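Chains as they are written, first to last, in the numbering used here: chain A, 1 to 219; chain D, 1 to 221; chain H, 1 to 213; chain Z, 1 to 213; chain G, 1 to 164; chain R, 1 to 110. Just so it is clear, CB atoms sit at the ideal spot from N, CA and C, and this is done for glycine as well.
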Amino acid sequence: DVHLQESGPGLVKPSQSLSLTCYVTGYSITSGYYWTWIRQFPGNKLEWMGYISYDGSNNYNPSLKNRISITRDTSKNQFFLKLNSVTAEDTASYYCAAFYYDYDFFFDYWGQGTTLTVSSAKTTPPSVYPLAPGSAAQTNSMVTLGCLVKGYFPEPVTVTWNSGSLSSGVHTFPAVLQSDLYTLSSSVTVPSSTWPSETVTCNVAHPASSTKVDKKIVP
Amino acid sequence: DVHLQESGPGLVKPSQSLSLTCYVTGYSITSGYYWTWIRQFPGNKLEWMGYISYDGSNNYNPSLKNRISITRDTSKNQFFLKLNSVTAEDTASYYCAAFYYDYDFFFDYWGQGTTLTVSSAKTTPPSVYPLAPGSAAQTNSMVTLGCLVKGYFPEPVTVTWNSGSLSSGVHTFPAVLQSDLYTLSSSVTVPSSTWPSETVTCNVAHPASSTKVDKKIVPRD
Amino acid sequence: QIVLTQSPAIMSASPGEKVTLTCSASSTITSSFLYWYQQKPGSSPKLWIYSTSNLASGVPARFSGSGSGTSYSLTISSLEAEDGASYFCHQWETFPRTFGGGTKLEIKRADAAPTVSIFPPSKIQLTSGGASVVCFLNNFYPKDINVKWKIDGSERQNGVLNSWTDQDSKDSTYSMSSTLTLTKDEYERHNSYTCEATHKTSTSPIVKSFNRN
Amino acid sequence: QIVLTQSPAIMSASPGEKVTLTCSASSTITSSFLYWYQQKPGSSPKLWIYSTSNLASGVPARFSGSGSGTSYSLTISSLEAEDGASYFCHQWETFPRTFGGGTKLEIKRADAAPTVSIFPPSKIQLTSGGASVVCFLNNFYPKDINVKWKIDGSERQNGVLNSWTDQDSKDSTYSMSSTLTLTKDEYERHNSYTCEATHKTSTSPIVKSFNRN
Amino acid sequence: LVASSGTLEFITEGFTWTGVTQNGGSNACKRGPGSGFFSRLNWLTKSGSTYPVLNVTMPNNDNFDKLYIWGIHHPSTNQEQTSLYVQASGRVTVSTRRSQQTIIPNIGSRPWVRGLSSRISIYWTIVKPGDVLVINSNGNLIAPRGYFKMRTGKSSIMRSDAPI
Amino acid sequence: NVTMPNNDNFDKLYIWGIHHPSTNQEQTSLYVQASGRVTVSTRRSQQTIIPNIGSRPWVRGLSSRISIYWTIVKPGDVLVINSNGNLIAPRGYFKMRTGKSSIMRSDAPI
Ligand SMILES: *[C@@H]1O[C@H](CO)[C@@H](O[C@@H]2O[C@H](CO)[C@@H](O[C@@H]3O[C@H](CO)[C@@H](O)[C@H](O)[C@@H]3O)[C@H](O)[C@H]2NC(C)=O)[C@H](O)[C@H]1NC(C)=O
Ligand SMILES: *[C@@H]1O[C@H](CO)[C@@H](O[C@@H]2O[C@H](CO)[C@@H](O[C@@H]3O[C@H](CO)[C@@H](O)[C@H](O)[C@@H]3O)[C@H](O)[C@H]2NC(C)=O)[C@H](O)[C@H]1NC(C)=O
């Protein structure tokens with residue numbers, strides 16, 4: 001089939017220019033299909049940004065032309081985005097896709113999508129502190145562990161357990177933002193007993209700051 | 001799911017009514033093939049219980065019609081079994097399947113199969129105790145662990161290791177029956193050393209009693 | 001300028017009910033330029049119905065499809081844990097492609113209480129002048145709950161921050177997270193730190209902190 | 001109405017021998033309504049030969065096939081550990097579909113000893129009044145072996161139960177399992193508990209228990 | 001032959017199309033207000049998440065020749081198939097004791113006609129009295145709802161702009 | 001991949017065929033490959049066929065069947081058969097006369 005990979009910065013300051021990129025593989029973006037860019041805002045609202053079909057330099061953007069501006073590179077078989085002068089209003093999730101269209105049929109391809117964050121504040125590494133029940137116990141049943149991520153930006157980070165092996169029973173909440181920094185928490189839960197014994201660590205990663213660090217839990 | 005799935009109780013008291021079920025997936029049992037039930041007894045002897053082809057309400061049962069009685073539900077595309085009044089003689093493994101047929105060809109599909117047990121005992125949850133060598137060692141080579149299932153009924157139960165990851169070197173013995181209860185044991189065997197360190201558990205399951213529980217072999221060095 | 005407005009915007013039902021989302025539209029759209037997308041968190045809209053009434057390469061039967069004028073539909077035979085998500089009707093009539101909001105879908109499950117636990121600020125977290133006391137409130141029913149951070153005494157706002165999560169996969173439950181951040185000093189002020197989970201579950205607010213000797 | 005009888009019913013051979021199953025039949029069946037099934041434990045009969053002589057979608061070459069009047073056959077070029085199982089000739093002539101018994105097929109391999117181990121009753125198992133002392137005797141040769149539970153002294157029956165297994169996959173070995181059950185008390189009666197594995201392997205019955213501390 | 005038969009009298013025998021979605025509809029073959037299709041034809045697509053192999057038998061007991069008008073569907077993209085028929089490669093087979101003809105669909109891109117870029121191929125099978133019709137498809141079958149009566153008579157057809 | 005040349009001074013007539021199974025498994029069963037293929041050619045000829053698996057009405061027991069095909073090779077040409085399944089190959093060629101014969105449907109007695 002065809003594949004598409006978003007791409008570009010995780011952030012920018014209000015005013016510069018944004019410049020996404022999609023890499024298609026399995027179809028000459030000159031052989032049909034309307035290569036488009038679609039994003040949705042923090043509020044989870046899908047908004048159509050426009051396209052550029054095999055039809056060429058058509059683009060045939062939306063109703064925010066002023067800057068949504070697109071390209072294609074038939075050689076590299078890839079297409080791009082611009083959006084020029086941006087604001088914080090423009091921070092969201094940017095996706096690229098292709099549609100088929102027929103009067104009786106329809107069919108699309110999207111993408112992992114790239115997150116862009118538009119803000120002044122600076123890319124700033126996070127610190128990881130472990131949440132153990134320590135002091136007082138109160139168990140005789142299932143136990144719960146934490147491990148929180150605080151003081152980071154720009155979004156987003158990824159949390160796990162013993163390298164992903166501990167999937168079930170873990171709730172990683174939505175980081176909450178305060179004065180130019182994010183702070184979140186994850187919530188694993190191992191067997192009533194099984195842990196003290198066994199080693200259990202969270203794996204925190206912040207692409208933004210090349211930060212990859214784990215912090216084994218202990219009582 | 002996309003073949004044949006048997007179904008029904010794990011047991012019943014001599015005389016009531018047994019009522020199996022087969023869920024086919026991938027063919028309208030109204031499009032050819034003879035959807036039949038076959039069962040084999042404890043002694044391991046396959047017995048042809050009968051059918052019901054696309055041919056409709058045909059059934060065309062065996063020589064034990066008296067009760068073997070079959071149905072189909074085209075809508076749900078699924079067919080059933082009755083056997084009416086049952087004895088203990090009738091306790092065994094019930095399989096459902098479809099046959100092709102052609103004078104020059106033949107080809108079938110079967111099933112995981114369901115075990116039914118005809119007795120008047122009470123379905124009763126099992127207890128799981130772990131088998132570690134603790135006390136004295138005597139190793140310098142591979143180590144062996146246990147984990148036994150005792151006091152359960154009606155059959156059957158399933159045992160495993162670390163969620164099925166430890167497949168090789170494990171023996172799960174035939175549960176032995178005594179006074180209305182089964183008691184079996186499984187026998188894993190991890191590397192000479194590789195264990196104390198690594199976690200190892202057996203996953204015990206008793207459908208009959210919605211019981212699912214594991215017991216990590218707590219090293220008792 | 002097309003104006004699509006899906007109705008419930010956020011809603012629930014049970015495993016078996018006959019759920020039905022709608023989606024109006026500024027003007028009229030031809031019966032084959034309206035579609036529906038089924039998006040779950042962490043994914044990306046997945047196509048679900050083209051030409052107003054045809055299921056995409058995967059969608060299960062329970063999902064009918066309809067629509068005529070400036071008004072369309074969805075509908076579910078029954079309803080499965082699985083079917084729980086948000087839907088967006090898409091349009092392709094006139095050139096500025098539109099979507100409108102969407103209709104979230106929580107499902108019918110239990111009614112059961114939280115499982116809480118209180119936490120001490122790390123030795124690390126401390127060695128930083130920071131004191132983060134986080135309290136988890138996992139797998140409870142109704143998305144709505146209300147905590148209260150006490151210490152030695154306390155009812156109103158302090159310096160807490162919370163962030164619930166979305167209905168779980170197979171739990172279709174929820175979990176929330178309050179976190180108490182203080183000065184290393186202000187923390188080594190007392191050794192009294194309670195978290196108060198208040199629920200529809202029971203009248204007496206499952207308290208947690210150091211409820212023992 | 002039409003009874004089939006496969007001959008050896010239970011038999012063995014070696015990796016390389018020319019194995020040959022038969023199957024008689026009350027009356028006559030037309031060379032194309034007789035099949036064979038290859039069943040291994042825990043599975044379900046797997047088809048092996050249709051129309052009296054054609055291998056089904058997978059069966060390997062080593063299996064020839066045949067049969068004429070009221071008498072048929074099987075046959076294997078060599079014989080591999082794998083081919084080791086049980087077989088049933090099916091018949092589809094007259095309406096009461098038949099199958100007859102089957103011919104088991106154990107294999108030949110080594111002559112080698114058990115690997116034994118003794119186990120204490122669980123802290124749990126105990127806390128219930130029960131004391132299950134289990135002793136495993138794995139992957140030995142000849143299915144025949146004889147344990148003896150000792151304690152302090154003992155040759156005859158006591159309160160033990162056993163259950164051997166079937167010829168292994170690639171080992172074509174066996175394993176057994178005696179299990180001693182007692183009253184918590186009667187167990188906390190002495191601290192001696194030997195299991196005695198006696199085999200064709202050596203004359204001196206591989207004992208295990210606490211042959212150290 | 002339809003001209004020489006001189007009669008579109010249609011018997012409407014009913015098939016059992018269990019496990020696929022009957023009565024199709026295209027916006028290019030609309031019936032009044034919305035989508036529609038060919039009166040004498042049935043368009044089958046997946047059940048919900050699949051397309052089982054179809055095997056329907058429809059004998060002919062009347063004393064006259066029966067004329068079956070059926071066909072196959074040709075999608076535009078290898079995915080348009082997947083989309084409709086599950087299997088990635090359809091297959092249609094219509095036969096009798098003396099007949100037999102089998103078709104596979106061709107996936108591709110035709111010119112844009114009345115919206116659609118894919119299309120259908122129309123075929124026919126007549127079954128003589130005392131013979132059965134059999135259809136066996138695992139995708140793209142555009143099955144028939146019944147047979148057309150077969151006259152011998154003295155009729156024809158003519159291209160002519162002369163007013164009657 | 002077989003080849004069988006024609007050295008004689010006369011047109012050779014080959015009558016062969018291809019087999020169509022009833023189930024996607026009757027193929028597997030018989031020809032291993034999930035999709036047969038047969039090709040019979042010459043320097044000037046060439047014709048290839050692919051089996052249509054399915055269910056034909058019950059005829060003489062069987063529900064599957066065979067498709068008969070023909071190929072003639074002119075003196076000084078070679079015949080080539082290339083199948084990976086369902087091939088119902090020929091055991092030889094028929095002689096090709098030119099003469100003055102025909103065939104007639106009649107019930108009159110000789
Ligand atoms: C392969 O290429 C052909 C042509 O290059 C594609 O067909 C074209 O498909 C587009 C839509 O994808 C049709 O565009 C529409 O044309 C009408 C008529 O002028 C206009 O009113 C619409 O607004 C739109 O422009 C176009 O008609 C059609 N062209 C032709 C002659 O076929 C075909 O879809 C391509 N297939 C793939 C899979 O890429
Ligand atoms: C596809 O459907 C057709 C018909 O629905 C199936 O053909 C039928 O196959 C059965 C056996 O599978 C034949 O049954 C035998 O018929 C004779 C003739 O009267 C009878 O003496 C035997 O006892 C038995 O009933 C049946 O004749 C045959 N019918 C026809 C017209 O084909 C076909 O097998 C199906 N294919 C698949 C794979 O489902």
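Within chain H, the residues that residue i reaches when beta carbons sit closer than 7 Å
i       : result
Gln79/G : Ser57
Chain A residues whose Cβ lies nearer than 7 Å to that of residue i
i        : result
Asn27/G  : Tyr103 and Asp104
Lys216/D : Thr194
Nonlocal neighbours in the same chain, by C-beta distance under 6 Å from residue i, ignoring five residues either side
i       : result
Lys74/R : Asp11
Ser31/H : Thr52
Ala98/D : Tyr33, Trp35 and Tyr109
Cβ distance (whole Å) where residue i is taken to contact residue j below 8 Å
i             : j        : result
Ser78/Z       : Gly16/Z  : 5 Å
residue 214/H : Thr198/H : Past the edges of chain H, shown from 1 to 213, lies residue 214/H, and the structure says nothing about it.
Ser185/A      : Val134/H : 6 Å
Contacts that residue i makes with chain D (C-beta to C-beta distance below 8 Å)
i        : result
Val132/G : Result: empty, since nearest Cβ-Cβ is about 14 Å, beyond 8 Å.
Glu47/A  : Neighbours of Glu47/A on chain D: none; closest Cβ ~39 Å, over 8 Å.
Beta-carbon contacts of residue i that lie in its chain and below 8 Å, excluding the five residues immediately before and after
i        : result
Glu6/D   : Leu20, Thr21, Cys22, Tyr94, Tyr95, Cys96, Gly111, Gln112, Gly113 and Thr114
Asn6/R   : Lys12, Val73, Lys74, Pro75, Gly76, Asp77, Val78, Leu79 and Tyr93
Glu106/H : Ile10, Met11, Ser12, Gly84, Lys143, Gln167 and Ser172
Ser202/Z : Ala113
CB contact below 9 Å: residue i versus chain Z
i        : result
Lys212/D : no
Any C-beta of chain D under 9 Å from that of residue i
i        : result
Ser102/R : no
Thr16/G  : yes
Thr98/Z  : yes
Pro121/Z : yes
heavy atom of ligand 3 below 8 Å from residue i C-beta
i        : result
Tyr101/A : For the structure depicted, ligand 3 is absent and the ligand set comprises only ligand 1 and ligand 2.
Min CB distance residue i to chain A below 9 Å
i        : result
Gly101/H : yes
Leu116/G : yes
Contacts that residue i makes with chain Z (C-beta to C-beta distance below 7 Å)
i        : result
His171/D : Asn138, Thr165 and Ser175
Neighbour flag for residue i against chain G, beta carbons, 9 Å
i        : result
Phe107/A : yes
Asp1/A   : yes
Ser55/R  : yes
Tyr100/A : yes
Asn84/D  : no
Nonlocal neighbours in the same chain, by C-beta distance under 7 Å from residue i, ignoring five residues either side
i        : result
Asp180/D : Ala121 and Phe153
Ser24/H  : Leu4, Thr5, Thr70 and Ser71
Residues that residue i contacts on chain Z, provided the C-beta gap is smaller than 8 Å
i        : result
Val157/D : Within 8 Å Cβ-Cβ: nothing; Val157/D doesn't reach chain Z, min ~14 Å.
Beta-ladder partner(s) of residue i, from DSSP
i        : result
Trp36/H  : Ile49/H and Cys89/H
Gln1/H   : Beta-bridge pairing links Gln1/H to no other residue.
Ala92/D  : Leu116/D
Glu196/H : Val207/H
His206/A : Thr211/A
Contact with chain R by residue i, beta-carbon distance below 9 Å
i        : result
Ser121/G : no
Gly10/D  : no
Under 9 Å by beta carbon: chain R residues contacting residue i
i       : result
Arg97/G : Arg56, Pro57, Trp58 and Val59
Partners in chain D for residue i, counting only beta-carbon separations shorter than 9 Å
i       : result
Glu89/A : Simply none; closest approach about 48 Å.
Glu6/A  : Neighbours of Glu6/A on chain D: none; closest Cβ ~35 Å, over 9 Å.
Any C-beta of chain H under 9 Å from that of residue i
i       : result
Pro52/G : no
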